[PDB]
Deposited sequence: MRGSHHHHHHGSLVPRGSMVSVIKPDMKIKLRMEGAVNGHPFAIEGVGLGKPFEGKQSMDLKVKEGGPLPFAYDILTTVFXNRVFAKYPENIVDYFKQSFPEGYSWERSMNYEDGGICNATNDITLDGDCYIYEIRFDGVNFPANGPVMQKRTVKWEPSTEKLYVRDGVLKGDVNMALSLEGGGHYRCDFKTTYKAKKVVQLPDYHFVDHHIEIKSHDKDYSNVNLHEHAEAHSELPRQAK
């Protein structure tokens, strides 16, 4: 099919946090069937970013998730046409980020058109104070609602000096064409910034994801 063992990624994010605009572009590669991917991101506008880079990472494609044969793969089925997703990320201190990604395919390269908008982040919260360390691994819960796929996940950012900062993700996935809808399942994730420069102008990001149909896994 159109899904190859090794594929590329090209993306551009345009957004704002607390009213301050910025733009980031990236290029990467991954293995859809292995659920692994990596990419290099460069801040193009609005740098240096005055907020924690981690709030952006999960926005920078579930096609990069290892799906077992007994689970319907909504994402790999959506191509060559592609799909799009919308997401609201509700942080425990009131900060709220809304994001969207329109994913298309050009040859062996996925193209992302991303929008990101966060508001109400407290001035002295971990996000505006850049006190986040990394996102903890997680388990996303996927279920069908009104012909489309939903995905919810309890996320947590490890904090500098100890503790965690919670955020609840609510994502809606929409294939561009009619595809087979999956039954209730899970997707394990682990996103990590492997390297970055001082002000995060350059970031190397990695993600590993695998789906499973029953728990305990």
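Taking the first deposited residue as 1, the stretches without any C-alpha atom are 1 to 20, 81, 239 to 241.
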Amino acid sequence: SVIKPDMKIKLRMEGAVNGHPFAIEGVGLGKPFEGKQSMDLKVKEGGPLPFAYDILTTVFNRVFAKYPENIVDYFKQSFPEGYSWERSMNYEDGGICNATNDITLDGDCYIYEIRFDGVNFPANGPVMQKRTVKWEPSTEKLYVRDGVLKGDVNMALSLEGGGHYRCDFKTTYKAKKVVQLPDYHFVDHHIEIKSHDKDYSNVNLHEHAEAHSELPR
From here on, numbers count along this sequence of modelled residues.
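Look at the C-alpha B-factors of 153 to 161 and of 172 to 180. On average they run higher in 172 to 180.
Higher mean CA temperature factor, per the PDB entry, when comparing 66 to 74 with 50 to 58: 66 to 74. You'll see in the entry that, of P126, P137, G95, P80, the Cα B factor peaks at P80. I103: CA B factor in the middle third of modelled residues in this chain (values from the PDB entry). When the modelled residues of the chain are ordered by C-alpha B-factor, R145 sits in the highest third. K44: CA B factor in the highest third of modelled residues in this chain (values from the PDB entry). Per-chain ranking of the deposited C-alpha B factor places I191 in the middle third. Per the PDB record, residue ranking by Cα B-factor puts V133 in the lowest third of the chain.
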